[PDB]
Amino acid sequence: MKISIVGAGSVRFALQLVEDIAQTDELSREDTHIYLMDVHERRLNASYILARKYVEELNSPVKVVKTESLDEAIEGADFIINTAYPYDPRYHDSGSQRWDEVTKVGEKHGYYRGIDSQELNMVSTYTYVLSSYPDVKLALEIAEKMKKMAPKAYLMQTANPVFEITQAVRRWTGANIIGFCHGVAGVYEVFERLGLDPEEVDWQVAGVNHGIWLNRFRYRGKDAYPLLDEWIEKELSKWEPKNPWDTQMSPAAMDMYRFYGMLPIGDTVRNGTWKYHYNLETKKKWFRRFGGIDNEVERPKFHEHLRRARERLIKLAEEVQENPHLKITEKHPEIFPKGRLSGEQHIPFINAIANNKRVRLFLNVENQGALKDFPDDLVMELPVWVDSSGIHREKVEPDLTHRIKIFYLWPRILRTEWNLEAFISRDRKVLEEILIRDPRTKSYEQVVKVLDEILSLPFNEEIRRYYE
């Protein structure tokens, strides 16, 4: 089989994908070809060398290939993983650096954390100038190529905005796309914090990408929510975040639980109303110490760490290339483990589809009735069981609460429709209309000016012309 990783320049992630493949029995065979593709020659090479080296040390028969041709990566593929984050190397070092520059423009026009930060949509680098033109455009191009050169492949969309893109591709191309995100892993924080063994809990989450809720939580044959209530009464007050990313049991999470009736899970906790996000001091009240990860201090700090980690991997690539005796699985155990899968859903999905290794996943697929009061065709993030017969929606029960539907999911669904409309219409009036619905907007003149300046940045030339 042929597994293609588009955007392999994202080195650490591409490596953890390869590692997961080489460590998976059913997939660790001679006829498993992994194609690594990216336009960035040096980042691609670093992933390539560290990937081949890793499989050699693991003694895995898997073949690793690299290429700079999208078409070559796609042709005849069985699985295509889209993790690309387009950017202009003349102006920026990465997509996240471009997002950061635009965010700063927004901030000077009075939009704290940028125009792309909206109610229920605070997750950083999720959308770009609202309609995410570069990311949607690329996914659509991949989807259309896949329909002709790889008619049986799954497009595994990991690049953001996952919700908008999966929905756009489905609606406009009919391509075989499935959105992947792993905010569901926040549920293990909850179990731990409450002193529960994960394998003794009967749970389910459902909702929308970065918008999922613990609809079922049961322990020793009963509702386990009373246990959370106890923890809130006794432990919430003294809760402290272990790092900027640590929000699952935060005051914001529990305030949302109090209102909605179920606990928001994972990135859902980041995606709250402005109640929790007005400014950095408000964020520190609701997430404590760091103010979470989506703020002016922590986010640029995170991106810088990413950049450095990547540059270390590139250097390490150089090392192994000159000293073929280097043992990376010994030198750097955390980056190159041998008994530890990443925990990411991508490779289990592949093993499930190809090899009938049945597993429960949480993926962005069309609703088709799983959630009542939502359209069949709406892409949602659902519990599904996957095997070689395909993707089977688990019955969602109990249902999501009324408040979650009317106050959280529906408003998020409408924003998806607004962002999609902003992309397809090529109409600047839609971009304006979105900002007019933005609580931070104080005047129409403000809306016009922030968009004028953002669309006039030199690296946004194509986007500016698109809306002209």
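From 1 onward, residues are counted along the sequence shown.
Per the PDB record, of the two stretches 394 to 402 and 142 to 150, 142 to 150 carries the greater mean B-factor over its C-alpha atoms. The PDB entry reports B-factors from which the mean C-alpha value can be compared for 123 to 131 and 319 to 327; the larger average falls on 319 to 327. By the numbers in the PDB entry, the CA B factor is greatest at 33 among 33, 415, 437, 428.
Taking the PDB entry at face value, the top CA B factor among 335, 263, 384, 115 belongs to 335. The entry lists a Cα temperature factor for residue 433 that places it in the lowest third of the chain's modelled residues. Remark: residue 110 belongs to the lowest third of its chain, ranked by C-alpha B-factor as recorded. Annotation for residue 72: CA B-factor lies in the highest third of the chain's modelled residues.
Ranked against the other modelled residues of its chain, the C-alpha B-factor of residue 56 as given in the entry falls in the highest third. Residue 242: CA B factor in the highest third of modelled residues in this chain (values from the PDB entry).
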